[PDB]
Amino acid sequence: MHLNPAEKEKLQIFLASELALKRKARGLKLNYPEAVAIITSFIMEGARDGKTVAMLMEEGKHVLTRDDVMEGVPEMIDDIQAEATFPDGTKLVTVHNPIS
Amino acid sequence: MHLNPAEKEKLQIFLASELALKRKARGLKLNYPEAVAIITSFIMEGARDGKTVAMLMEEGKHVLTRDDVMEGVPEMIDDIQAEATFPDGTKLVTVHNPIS
Amino acid sequence: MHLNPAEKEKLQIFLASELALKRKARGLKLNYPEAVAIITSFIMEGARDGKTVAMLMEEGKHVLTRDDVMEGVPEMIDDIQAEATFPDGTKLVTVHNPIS
Amino acid sequence: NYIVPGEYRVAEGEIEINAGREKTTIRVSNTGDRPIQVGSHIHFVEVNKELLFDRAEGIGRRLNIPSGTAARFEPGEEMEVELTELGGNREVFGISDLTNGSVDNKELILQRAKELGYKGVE
Amino acid sequence: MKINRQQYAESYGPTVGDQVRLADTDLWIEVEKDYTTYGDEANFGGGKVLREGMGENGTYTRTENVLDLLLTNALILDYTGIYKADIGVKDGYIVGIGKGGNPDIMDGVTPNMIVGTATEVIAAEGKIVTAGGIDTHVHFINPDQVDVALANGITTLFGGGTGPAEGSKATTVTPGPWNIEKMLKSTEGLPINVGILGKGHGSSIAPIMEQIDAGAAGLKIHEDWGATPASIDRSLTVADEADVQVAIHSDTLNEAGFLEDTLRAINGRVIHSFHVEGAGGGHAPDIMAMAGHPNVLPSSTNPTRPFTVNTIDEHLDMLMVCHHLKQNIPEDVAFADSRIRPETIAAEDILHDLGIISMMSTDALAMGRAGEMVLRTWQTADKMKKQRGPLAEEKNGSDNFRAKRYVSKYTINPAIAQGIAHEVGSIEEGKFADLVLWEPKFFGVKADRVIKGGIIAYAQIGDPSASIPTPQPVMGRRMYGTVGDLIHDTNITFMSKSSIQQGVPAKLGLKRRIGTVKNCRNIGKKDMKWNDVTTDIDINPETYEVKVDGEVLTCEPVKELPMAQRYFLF
Amino acid sequence: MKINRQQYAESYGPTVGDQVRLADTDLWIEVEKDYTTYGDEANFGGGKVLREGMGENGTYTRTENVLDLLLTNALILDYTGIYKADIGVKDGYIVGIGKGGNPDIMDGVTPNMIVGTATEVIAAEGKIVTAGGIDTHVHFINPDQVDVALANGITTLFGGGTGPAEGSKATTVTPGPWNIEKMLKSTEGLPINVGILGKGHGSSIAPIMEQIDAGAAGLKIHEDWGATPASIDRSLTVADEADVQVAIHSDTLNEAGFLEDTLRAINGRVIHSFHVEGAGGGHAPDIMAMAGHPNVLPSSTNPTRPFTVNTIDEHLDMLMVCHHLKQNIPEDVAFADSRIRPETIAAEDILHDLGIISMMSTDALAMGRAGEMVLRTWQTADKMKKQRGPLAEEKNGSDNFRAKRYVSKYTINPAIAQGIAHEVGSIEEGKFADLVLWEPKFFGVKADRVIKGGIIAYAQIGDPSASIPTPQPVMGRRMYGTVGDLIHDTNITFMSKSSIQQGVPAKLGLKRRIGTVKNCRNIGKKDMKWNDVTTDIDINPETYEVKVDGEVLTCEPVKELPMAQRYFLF
Ligand SMILES: *c1cc(O)ccc1O
Ligand SMILES: *c1cc(O)ccc1O
Ligand SMILES: *c1cc(O)ccc1O
Ligand SMILES: *c1cc(O)ccc1O
Ligand code: NI
Ligand code: NI
Ligand code: NI
Ligand code: NI
Ligand SMILES: [O-]
Ligand SMILES: [O-]
């Protein structure tokens, strides 16, 4: 596979996102690390799909809403940042105030 | 996400439990580490759901039965212990003789 | 669970294979590490199922085809090697030119 | 009773910066063709040569703006700024090498400014 | 020119009278005073104050009142106050608390807090800064425990053990000269401050004392080695000669004595009473009465902190499985029922709030959680505010008095108990620069950056392959203070005076900073900051009812805690 | 007996005239010459040539012209040529490039390249071998950054920082004697070569110079510390006395001057201009004009490399969030728009292709990617071939001229700029054996094996529990060169002449190889290999149009790059 250090670390984000999505599916309000994991994995999968940085800046604000997360979690998350390999190489995505 | 060392380690248990559940779904009798992973992940997800320590001590004895696991595995597992964050903070669950 | 170093490392292959299978399911042509992960996890799950080394040498050539992967990926993968615990203990599987 | 973790409850009132120091308003012009942004704590006489203002009125002074903020001058832009007095020992070293000592040495500062072509030595 | 207070606090952190919520608790801390000069605040970055000829002095060499590091705009939470200041560090020590910058141009600069060519900058605006936690009940069982501790803001581990040997799994003991030497060598690789306890057991002085001369920093008396009148007496005789502290886990079984017999053996000498509530160990059922005595320095361990609806079920089962007790053997059930008591656990919450229990600690990996001493201190303070109200001593609607009482329990009080408060345990000039920065939203839960000896040792930081340090995944990671030989200069090995005089560090090749244990034998309860109450504690032998000043101390368990499921992935 | 060329290349790697594709790019390199004697090629294994009495000499002791290591059948890609040779290493240095084996029986053996009893063998047949990359813009923020760098073939990190402190997060600076000493000690544990930059800020010589005497290898001038005429002047006065290099991130804000004022302060002295395009920092909008001057050694940082459809969106947002800029504050938007310019980023691609920008670098964790300097160099060369065609200087349909121009940017040119090219930066006899083996299919993406000081430090290798090393999972892993004391002998700490003369290594207990920085003050643009062009660069202040020789330099961004989604899991 030839995994480099970042590829090994970022597998953890996907795994945490899978865990969080199972918790959401059984009706739980998500906590701070669950919410971050879901939005982060969404960004990295979007890059893999070949979306633009600008599409993901927009979409990342609509992945989770206030009624998906516990009290205070929207206000704890000022942004979420992720780097992934786009068709044009690694880029940084920053999602501002992802949960309104 | 701000993962601490325990949160990183415990992602591994969930992953091993997902692996074991896929092996069980395709008809395999589970082995010792598979059985432990499934029961452990069940306990940690129960805490996340907001069950009590006493509910999980009872439920953990009914997650896998003798006919789910290979010969000798019930007698190899004297107990399974896990710590997780309950609504009232971290607690230890011990499941005694989880597989009869 | 009593995980040894190899068991911990090999959980990563299963996780990468799950990631790659989700990318394939949403219609993406797979890349080099995705393709390797899928075929590797297939081999290790085959051993767990109790298939022979010779069955897996044959089957591993039919897990992914040219139209599942990006241009050049078939020619990048000369073989895939994996060790897993068969009913008769650890064995090495080598799949030659897995993607034609 | 909605809990925002770590939130502030600030007291009433306002914070007066540079309290008790003399304030001076001056007009400043960016005569150059590239933008110039000036921080709160640069000795004002030592700014970019192409800013035209009465250089004597920048001696011993800096911008009366919140600590860590900056005034921006677009190419060709003229605007008024408010200055406050430097404090502490009222000495400046380095920056443009116009002072290298007390800010009281107005004569010497302006002679160096004029020789090096800092605009507005009057 | 005036700045609105909301905007001021967003740019520079809070100032006098402003309040800040601690994590998702009900606890509010208020800025008591501020060392700044408004308009001359220090800050670092593009077009900011700390630039050459401006807020950075370009003249002075490092020796000339210049700092190695300035923490700008810190909100300090410490036994000494809750206040706003810059913190200056030099040669790995706190040298100045006040106002940093450049006296050339700024008013109010503290004279030894010059920002110069030699100065690094950490922005602490909007952070809470505390001393590193001092955990005095550590079992050295699994080296992975060190990162767990750093992640929750602990910087000093005092205790014992050789790894997962049964003696170590039960007791905070590194026994004898050879095991002590081996663990002092191991310590060279641990990125945290350390002190080692020897076995406080023997009927002759020499086998106990040779541990102190070998490099132990104190002793542990534990019932599993025989917490007998003789072992208690010989250990305190050694401790009084050697100037080190003795910790005790007393005879739960009352085999050779009841509590009054243990106190007679102690004979008025200073002692640190571990897990004084007694679920973690001690004379059944009345050990917690120790906390009323003037010669006792009393600590709790953390799993009883605070009293929750799962506490008893979790403890009874934990005790039964760890002691190999059988639910169908009546003596085993009677023992468990005598040791795990809702009456004493509930009263323990109140004794913390009243300043009668002075310290917290973990009992890491024996009966306690390496990374939850700080966490559970604040959960306890929060539960007490909800159930008892603001303390009578509070003003302005703040919880400052409670916050100073509780921060003292895991910073300065353990350091005083152990004889190490000359080096660590508080943000004061002249002490080692062990500092923890917290985002208020994560206060007491997950540390932002842990500074050890003036260099970051541990941080919550992101992808090492990224363009910037904040992209996911953000997790706790060892920083450059832990790497190569810098681990030696950023951490202290605390040792007895006698081992230092005898040259043990040179004999073993220890390269770490060597800290001297001292001034542990002529202290008492009165020396515990904000937690100095002596009183008659009565524990009813039939009902386990706790009384203080004829008042029954009872309290309800809670179903939910802050600093819990909002934060943790598991 | 004759061998078909396809079969020859499969067995021994390519020979004269054969071409090899670099990864999944359009770039082809051609073997220019071959040192072998056909039929006497060296190879190792069962029934192979390097056996006692055959291709291995059984007579000579190690001192007698015998190698410690032979890399057989390497395709070298270097500023000195693209050619086929054996590489011989001894005492951790490259001692021979030519033909290895046994003069007893083989023709054409290079006299000091005897394979003897003492010789290890690495098979390089079918591999491309390059010098280790030299990254001269490193922020030391997160120690996990070192493996990221090794995995993409970087072997030397020059820069500064103390971990995730705000000064370090912005600037390549280890400030002052104490922080420098602490980071030199930290370096003992980092498995890569290192040089530390001090703070290039001050109005007096002594506070700057004391950093050089403490063990700094150079200085960094950064606008966040005040990139003033005084700081520039004093730093270059120090550098000229000390024989170290100065890097500059100029005054973006034009606060104390425009570019012409910075050049007047420099006064013709040598300087390394970091991120010369200016997205990473510098006089807005015209800093990139620095790259035309004969006394400037100009580097790019990597996120602008090359110009893609996501570049501007990604940079504008990155700058706004990292500077805490608000989208509704017009001065913040004007600043961002003045700094992030498609006109200068597009022209930067062409200035690389023309040899006007001489070097690449990362800006690791401040505004750049630790593991993408090599990656993005080749993506840029590939994009330029697609858009501009083969360079006029090419022959035989190969891209050899472009490949030498581009490999120079991250190997020899940074090494010359820093004063360390006597030790590192190229595959030449007499230089340290820092070598990177690449499978062509992964060239510039993932290194196969990274050799440091003649021992493998890092490798892509599989399951450590397997019968053989290739079974999954194959990932980057630290090898024996990083373990125990061998980390000292395989890596170099680069230091000033003065710190070496003053005995800093012995004072601090440094065990690493000590490299001397020298010959940095009487070089210029003309000394940059294949990248030596001086010219008048005009940047239009209204349109940001770049002209060179009256020609507007414009270029389109691309939607896709090679060395991207075929390779990476994320
Ligand atoms: C196992 C080991 C200990 O040290 C304590 C308790 C159990 O169950
Ligand atoms: C606990 C303690 C008090 O003092 C009062 C009430 C509870 O529940
Ligand atoms: C955070 C930290 C930096 O150092 C840079 C940018 C952000 O967003
Ligand atoms: C870029 C550069 C050139 O020289 C020509 C064309 C593009 O797109
Ligand atoms: Ni105990
Ligand atoms: Ni204990
Ligand atoms: Ni820069
Ligand atoms: Ni930089
Ligand atoms: O204990
Ligand atoms: O930079």
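Scope of the values below: all heavy atoms of this structure, side chains included, with no hydrogens, waters or symmetry mates. Every chain is numbered from 1, with letters handed out A, B, ... down the list of sequences.
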**Request:** Could you name each residue pair satisfying salt bridge (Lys or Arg N to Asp or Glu O under 4.0 Å) that touches residues 450-462 of chain E, not counting sequence neighbours?
**Result:** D434(E)-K452(E)
**Request:** Hey, can you tell me if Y93(E) and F432(E) have their rings parallel, tilted or perpendicular (30° and 60° cut-offs)?
**Result:** perpendicular
**Item:** Between CG on residue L190(F) and CD1 on residue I487(F), distance to nearest 0.5 Å
**Value:** 7.0 Å
**Request:** Consider only side-chain N and O atoms of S499(E) and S496(E), and report whether a donor and an acceptor are under 3.5 Å apart.
**Result:** yes
Could you go through residues 180-187 of chain E and list every donor-acceptor pair under 3.5 Å that involves a side-chain atom there, pairing it with any protein atom two or more places apart or in another chain?
from, atom 1, to, atom 2, distance (Å)
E181(E), OE2, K507(E), NZ, 3.0
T187(E), OG1, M183(E), O, 2.8

**Request:** Taking the side chain as every heavy atom from C-beta outward, state whether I420(E) and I134(E) have any atom pair closer than 4.5 Å.
**Result:** yes
**Asked** Within the distance-only criterion (no hydrogens, no angle test), does the side chain of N142(F) pair as donor or acceptor with the backbone N or O of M479(E) below 3.5 angstrom?
**Response** no
**Message:** Go through it in stages, so that I can follow the logic: the residues are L297(E) and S273(E), the test is side chain to side chain contact (heavy atoms under 4.5 Å, CB included), and I'd like the CA-CA distance, side-chain angles, deciding distance and then a yes or no.
**Reply:** CA-CA 6 Å; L297(E) 311 178; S273(E) 180; over 6 Å; no
**Side chain to side chain, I128(E) and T130(E), heavy atoms closer than 4.5 Å** = yes
**Prompt:** Is the shortest distance from a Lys or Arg side-chain nitrogen in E423(E) or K518(E) to a carboxylate oxygen in the other one below 4.0 Å?
**Reply:** no
**Distance in Å, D485(E) CG paired with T490(E) OG1, rounded so as to fall on 0.5 Å steps** = 10.5 Å
**Prompt:** Is there a donor-acceptor pair closer than 3.5 Å between any side-chain N or O of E188(F) and the backbone N or O of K511(F)?
**Reply:** yes
**Item:** pair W378(E)-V407(E): side-chain heavy atoms closer than 4.5 Å
**Value:** yes
**Asked** Is a side-chain N or O of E241(E) found less than 3.5 angstrom from the main chain of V238(E), in a donor-acceptor match?
**Response** no
**Asked** Do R369(E) and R376(E) pass the side chain to side chain contact (heavy atoms under 4.5 Å, CB included) test, and can you show the C-alpha distance, the side-chain angles, and the key distance before you say yes or no?
**Response** CA-CA 10 Å; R369(E) 293 172 176 113; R376(E) 289 169 174 264; 3.2 Å; yes
**Asked** In terms of side-chain heavy atoms, does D86(E) have a donor or acceptor partner in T72(E) at a distance below 3.5 Å?
**Response** no
**Prompt:** With no hydrogens and no angle check, is any side-chain donor or acceptor of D135(E) less than 3.5 Å from a backbone partner on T362(E)?
**Reply:** yes
**Asked** For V244(E), does its backbone N or O pair with a side-chain atom of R521(E) as donor and acceptor, under 3.5 Å?
**Response** yes
**Closest non-hydrogen atom pair between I192(E) and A149(E), with its separation** = CD1-CB, 4.3 Å
**Prompt:** What is the ring orientation for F494(E) with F158(E), classed by angle as parallel under 30°, tilted 30 to 60°, or perpendicular over 60°?
**Reply:** tilted
**Message:** Tell me if a side-chain donor or acceptor on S168(E) pairs with a main-chain N or O of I141(E) at a distance below 3.5 Å.
**Reply:** no
**For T380(E) against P306(E), the heavy-atom pair lying closest together** = OG1-CB, 3.6 Å
**Message:** Whether the side chain of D78(E) engages the backbone of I76(E) through a donor-acceptor N/O pair (distance < 3.5 Å, no angle test) should be reported.
**Reply:** no
**Asked** Taking NZ, NE, NH1 and NH2 as the nitrogens, is one of them in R513(E) or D489(E) under 4.0 Å from a carboxylate oxygen of the other?
**Response** no
**Asked** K409(E) side chain to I357(E) main-chain N or O, any donor-acceptor pair under 3.5 Å?
**Response** yes
**Prompt:** Where does the angle between the aromatic ring planes of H2(B) and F442(E) fall among parallel (under 30°), tilted (30 to 60°) and perpendicular (over 60°)?
**Reply:** parallel
**Request:** Dump the intermediate steps for side chain to side chain contact (heavy atoms under 4.5 Å, CB included) on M209(E) and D213(E), then the final yes or no.
**Result:** CA-CA 6 Å; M209(E) 187 49 92; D213(E) 294 343; 4.1 Å; yes
**Message:** With no hydrogens and no angle check, just 3.5 Å: does a side-chain donor-acceptor pair link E428(E) and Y79(E)?
**Reply:** yes
**Message:** Please give me the minimum heavy-atom distance between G200(E) and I221(E), naming the atom from each residue.
**Reply:** O-CG1, 3.5 Å
**Item:** Heavy-atom closest pair, residues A74(E) and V129(E)
**Value:** CB-CG2, 3.7 Å
**Asked** Minimum heavy-atom separation for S426(E) to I94(E), with atom names?
**Response** O-CD1, 4.3 Å
**Request:** Check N295(E), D527(E), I523(E) against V270(E) for a side chain to side chain contact (heavy atoms under 4.5 Å, CB included) and give me the one that passes.
**Result:** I523(E)
**Within-4.5 Å side-chain heavy-atom neighbours: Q379(E) and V374(E)** = no
**Prompt:** Given side chains that start at C-beta, do those of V148(E) and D144(E) come closer than 4.5 Å, heavy atoms only?
**Reply:** no
**Request:** Begin with the C-alpha distance, continue with both residues' side-chain angles, and end with the deciding distance and a verdict on salt bridge (charged side-chain N to carboxylate O under 4.0 Å, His left out) for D91(E) and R62(E).
**Result:** CA-CA 11 Å; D91(E) 293 303; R62(E) 176 180 173 269; 2.8 Å; yes
**Asked** With no hydrogens and no angle check, do the side chains of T172(E) and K220(E) hold a donor and an acceptor under 3.5 Å apart?
**Response** yes
**Asked** Should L486(E) and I455(E) be marked as a side chain to side chain contact (heavy atoms under 4.5 Å, CB included) after you check the CA-CA gap, both sets of side-chain angles, and the distance that decides it?
**Response** CA-CA 9 Å; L486(E) 184 48; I455(E) 299 286; 4.0 Å; yes
**Request:** Kindly compute the distance separating CZ (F274(E)) from CE (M290(E)), expressed to the nearest 0.5 Å.
**Result:** 12.0 Å
**Asked** Do we see a donor-acceptor contact under 3.5 Å between the side chains of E348(E) and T304(E)?
**Response** yes
**Message:** How long is the straight-line distance from CD1 of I154(E) back to OG1 of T411(E), given to the nearest 0.5 Å?
**Reply:** 12.0 Å
**Prompt:** Taking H249(E) as the fixed residue, which of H275(E), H139(E), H272(E), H137(E) is the one that meets the ring-ring contact (aromatic ring centres under 6.0 Å, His included) rule?
**Reply:** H275(E)
**Asked** Taking the side chain from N179(F) and the backbone from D68(E), do they hold a donor-acceptor pair closer than 3.5 Å?
**Response** yes
**Request:** Would you tell me whether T90(B) and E372(E) have side-chain atoms, one donor and one acceptor, within less than 3.5 Å of each other?
**Result:** yes
**Complete:** Interatomic distance, OG1@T162(F) vs CD1@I451(E), rounded to 0.5 Å, equals 9.0 Å
**Prompt:** Can you tell me how far the CE atom of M563(E) sits from the CZ atom of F568(E), to the nearest 0.5 Å?
**Reply:** 7.5 Å
**Prompt:** Cut-off 3.5 Å, side chains only: do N531(E) and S358(E) have a donor facing an acceptor?
**Reply:** no
**Request:** Report the C-alpha separation of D147(E) and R478(E) in whole Å, then their side-chain angles, then the decisive distance to 0.1 Å, and conclude whether the salt bridge (charged side-chain N to carboxylate O under 4.0 Å, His left out) test is met.
**Result:** CA-CA 8 Å; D147(E) 285 3; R478(E) 294 185 178 182; 2.8 Å; yes
**Request:** For residues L70(E) and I122(E), determine if any side-chain heavy atom of one lies less than 4.5 Å from a side-chain heavy atom of the other.
**Result:** no
**Prompt:** If you take all heavy atoms of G454(E) and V89(E), which pair is closest and at what distance?
**Reply:** CA-CG1, 4.0 Å
**Request:** Applying side chain to side chain donor-acceptor pair (under 3.5 Å), name anything that partners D448(E), two or more places apart in sequence or on another chain.
**Result:** none
**Message:** Taking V66(E)'s backbone N and O only, do any of them form a donor-acceptor pair with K90(E)'s side chain (distance below 3.5 Å, no angle check)?
**Reply:** yes
**Request:** Kindly check if the number of other-residue, nucleotide or ligand heavy atoms within 6.0 Å of NZ (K497(E)) is above 12?
**Result:** yes
